[PDB]
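Presented below is the structure to which this report refers.
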Amino acid sequence: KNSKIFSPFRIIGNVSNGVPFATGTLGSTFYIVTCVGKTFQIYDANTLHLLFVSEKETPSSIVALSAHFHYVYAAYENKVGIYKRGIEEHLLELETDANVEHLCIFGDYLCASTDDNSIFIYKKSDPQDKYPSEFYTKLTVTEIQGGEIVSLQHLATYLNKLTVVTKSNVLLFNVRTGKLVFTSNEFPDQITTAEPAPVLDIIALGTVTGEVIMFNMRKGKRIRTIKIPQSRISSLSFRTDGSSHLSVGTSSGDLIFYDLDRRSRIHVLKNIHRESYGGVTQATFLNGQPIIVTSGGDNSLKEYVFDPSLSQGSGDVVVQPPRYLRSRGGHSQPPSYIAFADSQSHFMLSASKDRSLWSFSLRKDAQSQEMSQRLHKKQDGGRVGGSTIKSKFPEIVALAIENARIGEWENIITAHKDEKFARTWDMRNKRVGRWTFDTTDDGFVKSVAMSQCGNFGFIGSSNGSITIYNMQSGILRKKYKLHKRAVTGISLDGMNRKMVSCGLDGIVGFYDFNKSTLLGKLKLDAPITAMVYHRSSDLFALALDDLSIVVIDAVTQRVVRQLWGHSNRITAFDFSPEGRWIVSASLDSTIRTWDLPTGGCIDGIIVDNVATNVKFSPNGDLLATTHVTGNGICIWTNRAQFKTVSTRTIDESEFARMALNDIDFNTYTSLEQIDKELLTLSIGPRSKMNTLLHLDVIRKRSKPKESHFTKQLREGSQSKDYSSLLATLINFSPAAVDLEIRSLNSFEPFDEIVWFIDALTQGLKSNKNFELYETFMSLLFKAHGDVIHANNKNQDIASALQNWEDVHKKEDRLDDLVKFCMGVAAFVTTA
Amino acid sequence: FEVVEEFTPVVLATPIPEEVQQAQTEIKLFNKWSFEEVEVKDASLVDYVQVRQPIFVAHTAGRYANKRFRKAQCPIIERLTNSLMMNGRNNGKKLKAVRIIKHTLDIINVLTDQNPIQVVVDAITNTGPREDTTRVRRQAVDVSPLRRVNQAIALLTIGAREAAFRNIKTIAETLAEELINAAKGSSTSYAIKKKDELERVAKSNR
Amino acid sequence: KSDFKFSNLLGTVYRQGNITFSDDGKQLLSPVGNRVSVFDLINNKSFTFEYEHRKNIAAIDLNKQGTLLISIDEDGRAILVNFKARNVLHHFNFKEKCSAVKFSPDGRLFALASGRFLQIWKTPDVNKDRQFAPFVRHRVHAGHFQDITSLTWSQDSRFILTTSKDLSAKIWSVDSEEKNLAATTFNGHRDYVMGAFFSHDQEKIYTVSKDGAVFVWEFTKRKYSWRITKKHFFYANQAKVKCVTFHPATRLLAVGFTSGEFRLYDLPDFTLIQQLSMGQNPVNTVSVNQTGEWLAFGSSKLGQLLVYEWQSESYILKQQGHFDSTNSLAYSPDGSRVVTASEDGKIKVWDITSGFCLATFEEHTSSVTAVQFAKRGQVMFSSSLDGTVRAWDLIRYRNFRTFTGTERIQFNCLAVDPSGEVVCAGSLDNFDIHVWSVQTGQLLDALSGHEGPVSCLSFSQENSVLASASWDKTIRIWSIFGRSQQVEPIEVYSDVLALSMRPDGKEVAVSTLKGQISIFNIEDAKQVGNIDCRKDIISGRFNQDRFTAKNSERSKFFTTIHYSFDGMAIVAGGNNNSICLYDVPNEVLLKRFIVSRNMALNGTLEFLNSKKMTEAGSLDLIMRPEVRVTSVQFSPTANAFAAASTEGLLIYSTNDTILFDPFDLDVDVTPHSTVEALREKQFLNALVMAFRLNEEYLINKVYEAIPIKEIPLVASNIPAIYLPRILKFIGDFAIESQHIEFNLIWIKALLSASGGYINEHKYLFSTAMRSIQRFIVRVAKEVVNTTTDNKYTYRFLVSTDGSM
Amino acid sequence: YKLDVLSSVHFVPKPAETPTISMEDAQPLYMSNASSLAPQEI
Amino acid sequence: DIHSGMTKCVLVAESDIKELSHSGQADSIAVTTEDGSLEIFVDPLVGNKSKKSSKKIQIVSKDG
Amino acid sequence: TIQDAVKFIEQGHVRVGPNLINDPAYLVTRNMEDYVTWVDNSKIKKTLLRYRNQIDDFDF
RNA sequence: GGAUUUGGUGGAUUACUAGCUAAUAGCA
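Okay, here's the thing in structure tokens:
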């Protein structure tokens with residue numbers, strides 16, 4: 019299940035999954051923590067800019083979220099996690115299998131409610147500790163005491179009492195003493211929501227049947243009751259800006275505001291959140307402001323404020339209706355198609371079954387926006403034909419993007435389900451285009467493709483016809499007919515000379531776009547499902563119905579690579595930017611990476627949810643995938659982009675059960715020496731020899747206007829081998845080389861100089877690093893030329909020189925070889 | 014397989030004769046002769062008997078005296094038209110030349126069903142003197164291909180003209196006869212006789 | 002083919018920031034404006050990272066491990082980059098003018114001087130995968146009341162010295178428990194404190210002030247407290263102490279003063295080791311090697327960098343960047359070196375590999391406009407607005423000739439005959455074209471006929487004809503050579519700005535003000551192709567502009583164009599933020615490149631932020677350099693091109709070739725199959741199969757696995773289609789390979805076997821052949837030159853008689 | 446200078470004891486001045 | 216497979232499947248396509271992963 | 123007038139040689155004053171030619 | 001029901017590590 023190439027990064031587009039969000043205050047500002055599946059995200063109320071994300075994903079889905087100053091407390095399954103800045107600081111593990119349901123924290127006490135009507139109390143080890151860790155005691159409420167726990171609430175000024183709220187009634191427990199101090203009277207209707215009022219000794223209770231009760235706990239008696247016939251309360255919140263205003267959220271998606279002092283309805287916000295997804299899951303006033311936060315299960319968080327009254331007097335009577343301040347949101351259903359907007363990784367294009375197309379920015383969430391579907395006014399001047407009731411365009415089966423012509427006109431095509439024409443979009447305008455493209459053959463659109471220049475749009479009909487238009491004017495230019503079944507893929511190379519088509523009939527058509535001629539036709543064994551064309555390499559892969567990926571080279575129109583191993587239909591696949599790897603997803607809930615050079619699967623993954631789409635970044639850093647479940651986008655990091663990856667084929671049997703090294707890493711190192719007889723230079727920069735020969739003139743200009817070496821030399825002299833001295837000679841810096849050569853003894857019997865000649869003579873025999881060896885001996889004549897010449901007749905000096913000349917005489921073939929190559933090179937280029 | 018670039022019938026508010034549409038299908042000299050099948054039989058005359066660029070009418074107003082070898086790129090029919098007009102009275106009158114040539118191709122097609130342009134090419138290729146003489156006595160010397168084509172056009176035009184200078188036969192028919200005979204290679208064409216005499220004389224001075 | 006990537010930046014070696022020595026001390030990291038350039042002195046190799054900031058770089062550091070590099074611009078935006086992978090891990094903003102950054106010597110923590118706030122942060126682990134939030138905070142420190150000038154780590158990674166503009170230096174403790182150990186504020190200075198440092202024993206703290214005062218503090222009895251035991255003062259007449267660095271191991275101080283002079287001192291003796299002057303400009307930064315032997319200094323105003331070996335008083339490294347936009351550029355015929363000319367009036371020669379200025383020429387008084395090489399390459403010609411054309415021999419590096427017009431005319435464009443016998447120049451003031459003899463220097467004739475200034479010039483390499491253009495909306499082809507002179511004028515739709523001429527010399531390309539690249543057949547003097555380019559051009563709204571970039575016409579044309587040496591592509595540049603590479607016979611855009619992404623430069627952005635306006639106007643205006681490409685050129689020997697721009701010479705290369713571009717591959721072809729062939733000794737097939745797959749690593753393996761005896765057999769049988777690739781391969785491999793003999797034997801076999809085919813198609817193979825010629829010239833000849841001289845030197849010492 | 450900046454479309458720079474280090478050397482370091490002289494000059 | 220949970224086979228039809236009828240015990244499967252055609256799979260439970275219909279049936283009027 | 127001339131400069135209508143100049147402080151040399159001219163697609167240039175009835179939309 | 005124009009606000013127009021402060025720590 020773990021990839022050696024990829025690793026999850028984060029989720030994009032999901033702001034809330036429906037769990038009630040928690041509000042915490044640091045100083046003046048306020049921050050909101052929202053649940054996203056197994057992770058939580060923190061947004062700044064000032065800008066709704068994300069501030070932190072959970073460092074790791076929780077093992078189980080989070081059920082309750084509570085935040086208090088810097089710390090955020092998260093409850094999942096039978097464990098409660100404590101996080102700071104998104105970093106877990108401590109984990110509170112409960113001793114019972116019963117899963118936590120509600121979480122309440124007040125002062126030094128942490129209270130957790132499990133599904134078995136058991137309340138666990140934790141306390142701080144130290145009064146000055148930052149969070150509670152120690153287990154104080156366990157309090158369990160029995161059926162006789164009350165019903166199932168609705169929520170855990172603590173009201174101000176109550177010296178270690180927890181105001182436990184149940185469906186049957188409310189109960190008061192002293193956590194310090196672990197005793198039931200008071201039991202509230204039974205209520206006819208089940209309680210659903212509890213919220214402590216800003217007043218002392220009153221808590222607002224919401225029922226199933228539209229009843230809000232401001233039960234005074236101190237008096238143990240009802241004070242007031244608000245009626246909401248035919249509604250179900252979901253959230254309550256009081257306004258702390260000095261106005262006695264109460265907000266009641268409903269599962270219908272409706273938010274109502276009451277004036278407690280005036281006993282009147284200020285205003286109602288209708289359908290702010292979808293009723294299908296739970297309506298208003300949570301709605302809370304910001305402490306001490308006229309602003310209210312709202313959230314729902316529709317993957318949306320909205321932000322409303324109450325403006326000042328327009329009347330100089332009696333402002334309480336003249337209350338402005340709340341006005342939309344800001345919001346963040348995403349798709350309400352899992353995305354159906356995804357695309358990379360630009361050569362960079364800045365903006366994504368996503369479509370979902372909620373009939374929505376969104377622009378999501380990996381770089382920053384705030385940059386994410388939804389493209390508009392307001393239609394431009396037609397050029398002709400007639401009325402548009404459509405329903406008066408505005409309805410959102412059908413789901414986008416396919417989409418194509420280009421940026422060669424961004425900002426000049428429409429750069430996008432999309433295809434809709436059960437629909438006979440293609441709509442355009444302009445990424446720069448983030449709005450629908452003014453051109454609509456029809457198949458003209460009474461067929462549904464099945465394939466949409468772009469030319470690289472961005473001047474041609476290609477539409478694949480279900481009836482086998484291809485229509486080619488121009489984007490700037492939206493006018494038909496050419497219309498081709500080969501396939502008699504639906505065409506499932508159209509691709510035109512970066513040139514626009516050759517276009518390739520594929521259809522369910524199983525044939526692949528090769529055309530000349532310029533001359534409009536059928537270059538060739540290729541028939542495959544099984545029907546085609548999809549195509550991806552790699553323009554840089556001119557290789558394109560096809561998803562066959564036989565559970566195979568067939569790669570074809572358009573230049574020669576031959577099947578070049580065929581991939582096997584998928585146990586079910588291939589949902590999606592993509593080419594790597596370098597065109598070397600292909601990653602495919604299939605209904606068998608596995609992601610496979612295929613290495614085209616060897617034509618084998620190198621990495622395999624098992625996804626819990628089938629990945630509907632897979633798309634590489636043009637940079638190749640990231641891989642984006644969409645699954646059958648989840649409204650967000652899974653982003654992966656390409657580990658290959660930081661280190662090499664072994665290309666060994668993956669074990670099929672091991673993968674099924676879960677459900702030459704230089705070649706393996708695509709590298710090679712040149713040999714130190716191909717052959718002993720062959721002359722080979724040193725392994726280093728070629729400027730060294732110039733530096734060694736001309737050090738003094740280099741050194742002159744630069745002005746402003814026993815030793816180990818000798819020990820090795822004598823050691824080699826007795827051993828008759830100077831390799832150890834030879835190896836170190838290569839290693840010295842040029843300055844060090846000069847000093848050792850100069851420092852060589854120059855007095856009779858001249859023993860040192862003889863061995864150095866012998867040492868260099870041995871190195872010259874090796875035929876490796878020979879050009880260095882010529883350089884040192886050149887320095888010898890420079891430093892000891894007078895010495896050697898003066899005593900040339902000495903047998904020891906003469907014999908050593910004669911031996912080297914014997915070797916050096918052999919190394920004259922290089923002169924013939926180099927000096928030849930210029931004669932032919934000069935001639936062949938010249939005549 | 015089929016490709017459709019035209020999804021509506023075309024009717025222009027100004028009427029157009031249908032032969033003009035047939036011309037739109039293919040460019041033909043006077044909308045009546047095709048260049049596609051025309052080839053220069055002799056390799057030497059290739060690259061200097063230019064027939065690959067089709068033209069409706071011989072008139073082009075091209076710049077064909079600017080450089081040395083520009084005359085090669087000229088359409089050969091236009092070269093024949095230019096050579097036809099001569100002798101002062103016909104000077105300046107290219108339109109009369111075009112009309113005369115059009116009559117000549119009509120006559121050639123009538124007499125021989127073969128494409129007249131190929132007849133023109135065959136005559137020019139046949140009549141090109143391959144070897145000549147230069148005064149030193157005389158000495159034999161080779162002949163450059165542009166000199167061949169120029170001299171060929173000259174002989175054909177001159178022979179056709181002189182044959183009809185004071186005779187009932189008009190310029191068009193004497194042309195058509197001379198080009199037909201030159202294409203055949205028969206000695207009847209004046210130009211072939213001159214070419215034979217020139218090459219033979221060079222052979223004597225070889 | 003068209004897979005180019007930014008490699009290195011020549012013409013600018015240091016701009017601003019702090020230069021940092023590598024952990025090994027063998028590499029130097031110099032911020033170059035918007036990017037970072039790394040120079041490998043020992044290996045004579047250089048590279049510039051592809052990552053770019055949005056502003057110039059302000060502070061930089063490399064960890065002692067050498068794995069993580071952090072760079073911060075002038076807005077506090079920090080970029081973390083994996084040094085080994087040359088890839089970016091995360092991008093962060095500190096929301097403040099971060100003055101300095103420095104890793105802890107342990108490498109677990111890094112501290113930034115952010116205003117009056119010292120922010121200590123935990124280093125991410127390089128091995129760990131990228132996360133949303135890699136950095137983790139350790140503590141935020143604020144004792145200082147004004148912005149922090151600099152900071153220093155203790156060698157034990159426990160205590161920090163901070164010097165701030167509060168005229169105070171302050172010590173902190175990395176560990177909270179050790180706060181009582183070091184919670185002292187250091188005072189007593191007159192002016193700003195530039196630096197504070199620890200002694201090797203860590204018992205002495207040395208603090209330096211702007212006025213030029215060094216205080217040595219010791220923990221001593223008056245009961246024990248820190249006190250200024252000794253006070254040393256820098257005695258500069260007006261130069262202020264600006265930057266200071268200390269090496270505890272060798273007790274070395276380098277102090278750079280604003281006057282352009284630095285002094286080396288030995289503490290605590292204050293012994294002036296040496297004192298040297300870089301000039302009249304401040305020496306913007308100073309750094310020390312880990313040995314303490316090499317000192318790096320850099321000057322912003324002239325963009326100077328120097329690495330000085332105080333031990334030997336020798337100069338390891340010394341360059342300067344052009345204090346100008348490089349008006350022109352020219353490659354050597356072999357491509358080993360490139361020459362650049364600027365508006366200062368001076369011409370530099372740069373080696374592409376080392377990235378270092380080998381030679382410069384300052385004879386020109388005014389701006390040098392254009393530079394060109396002769397066909398031979400021994401000679402370079404340059405033209406300047408001072409009114410002279412100056413000819414240069416590189417062998418002796420002398421201005422061997424100067425040409426001047428009679429009427430004192432400024433010259434903007436130049437061209438040299440392929441024979442290297444006629445030099446021909448053009449002007450914007452004369453409307454005529456001047457010509458001279460290189461041998462004698464006389465003005466042969468003034469070619470007339472243009473009714474507008476000649477904008478640019480070029481000769482045919484083959485035909486020897488001359489093509490000229492002007493703002494007269496025409497192109498004239500001049501047949502100057504020969505008994506008779508003829509001129510062929512050709513009209514163009516709009517004013518002409520640039521010409522490029524095909525290597526064959528049979529077409530010429532022209533760029534017009536309208537934004538069109540038109541190609542014409544020179545011999546036939548008719549248009550044969552045209553490319554639309556106005557829309558591809560990306561031009562940015564200037565902060566001063568009052569009209570949109572879309573509606574702007576400031577630069578929708580290319581001021582420079584050049585063909586590819588193969589003759590199938592053209593690279594085009596202009597006064598814009600785009601370099602476009604088109605394909606000639608086809609007329610499409612193969613790829614486009616963004617020259618820069620620095621908002622410090624004016625024309626980089628098309629859309630500017632509305633916040634920067636006020637009712638007054640733009641805050642930025644409270675002039676900036678402009679993004680533009682002066683000239684472009686292709687590499688004669690390599691698949692690369694260089695573009696001259698304001699920041700410097702950008703070089704784009706295909707060398708990395710990580711892309712998989714197989715040719716004629718088949719199912720049977722596999723890297724394992726290639727090895728199987730080699731083990732079976734089917735050398736020819738293995739070489740063929742590897743080239744089909746087209747991996748550099750396999751081709752080496754096959755190439756080096758062929759025995760010498762089988763080379764002539766394999767070479768004779770190689771298909772013609774793979775001949776170009778092997779020829780390119782050997783040249784690229786050979787130039788840095790050690791197997792001089794092995795490569796040569798291959799060249800000997802290949803040239804002999806297929807010499808005729810090379811001659812038939814010269815230009816398909818020209819770049820590869822030059823690369824081979826570069827090898828047998830630039831390295832092979834030198835070895836035998838070294839070999840032969842010793843042979844003759846030997847013969848004397850034996851033959852001659854030595855006595856008396 | 447001042448007229449150049451005023452007349453220049455593009456930016457124009459500002460033109461520019471102790472031993473001084475020659476920032477710029479007109480020739481490579483390694484070449485010798487004797488090697489820069491032609492035999493006719495010698 | 217109910218007991219094991221693996222995909223034994225994936226049957227592929229020419230057009231969208233609307234109705235499905237099974238004969239005996241995996242003996243034959245008849246599936247109504249959306250296009251108006253009927254496809255029969257013969258012994259689908261006996269390459270092996272992906273199988274195609276063997277017999278295809280259409281209805282067309284005498285007119286066409 | 124000069125002020126009318128000034129207003130057109132910041133409005134991006136005037137080109138000296140091949141470059142537009144939005145700065146009203148550029149000096150023009152006696153050589154360069156020949157080529158102080160209009161931008162090709164300037165609306166005014168259309169107005170100049172539309173008056174004299176020599177507009178050719180091909181140029182624009 | 002269609003079309004034209006326009007005011008205001010919201011998000012971007014720079015790469016997403018919490019607030020506040022008098023900041024080695026306090027506040028919230």
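Residue numbers (UniProt numbering), protein chains in the order written: chain A, 19 to 677, 702 to 747, 814 to 939; chain B, 14 to 149, 156 to 225; chain C, 2 to 223, 245 to 644, 675 to 856; chain D, 446 to 461, 470 to 495; chain E, 216 to 261, 269 to 286; chain F, 123 to 182.
We treat Cβ as the ideally placed atom computed from N, Cα and C, and that holds for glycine.
Run through the DSSP bridge pairs and tell me what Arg576/A is partnered with. Mapped onto the first sequence, residue 576/A falls at position 558. DSSP lists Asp571/A as partners of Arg576/A.
Name the residues in the UniProt repeat "WD 11" (471 to 510) of chain C whose C-beta lies less than 8 Å from a C-beta of chain B; which are they? Correct list: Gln508, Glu510.
Please report whether the beta-carbon of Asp642/C lies at a distance below 7 Å from any beta-carbon of chain F. Stepping through the third sequence from its first residue, residue 642/C is reached at position 620. No, its Cβ sits nowhere closer than 7 Å to a Cβ of chain F.
Mind checking whether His349/A and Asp325/A have CB atoms under 7 Å apart? For the purposes of this step, residue 349/A is identified with residue 331 of the first sequence, where counting begins at 1. For the purposes of this step, residue 325/A is identified with residue 307 of the first sequence, where counting begins at 1. Going by C-beta atoms, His349/A is not nearer than 7 Å to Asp325/A.
Name the residues in the stretch 56 to 85 of chain B whose C-beta lies less than 8 Å from a C-beta of chain C; which are they? Going along the stretch 56 to 85 of chain B in chain order, one finds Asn79, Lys80 with a Cβ nearer than 8 Å to chain C.
What is the rounded straight-line gap between the Cα of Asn88/C and the Cα of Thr626/C? One-based indexing of the third sequence puts residue 88/C at position 87. One-based indexing of the third sequence puts residue 626/C at position 604. Distance between the alpha carbons of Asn88/C and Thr626/C: 24 Å.
Starting from the C-beta of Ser262/A, find all residues in its chain whose C-beta is less than 6 Å away, skip the five residues before and the five after it, and write them out in chain order. If you number the first sequence from 1, residue 262/A lands on position 244. Cβ within range, chain order: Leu278, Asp279.
Under 8 Å Cβ-Cβ, which residues of chain D neighbour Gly301/C? Locating residue 301/C in the third sequence gives position 279, counting from the first residue. Against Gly301/C, the close residues of chain D are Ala461, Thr473, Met476, in the order they occur along the chain (beta-carbon pairs closer than 8 Å).
By the 8 Å beta-carbon criterion, what residues does the stretch 252 to 283 of chain A contribute toward chain E? Answer in chain order: no residues at all.
Taking the alpha carbon of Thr348/C as the reference point, which residue from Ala59/C, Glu699/C, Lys252/C, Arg847/C has its own alpha carbon closest? Against the third sequence, residue 348/C aligns to sequence position 326. Among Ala59/C, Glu699/C, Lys252/C, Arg847/C, the Cα nearest to that of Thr348/C is on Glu699/C.
Can you name the start and end residues of the beta strand (DSSP E) that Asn234/A belongs to? Mapped onto the first sequence, residue 234/A falls at position 216. From DSSP, the beta strand (DSSP E) with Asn234/A extends over 229 to 234.
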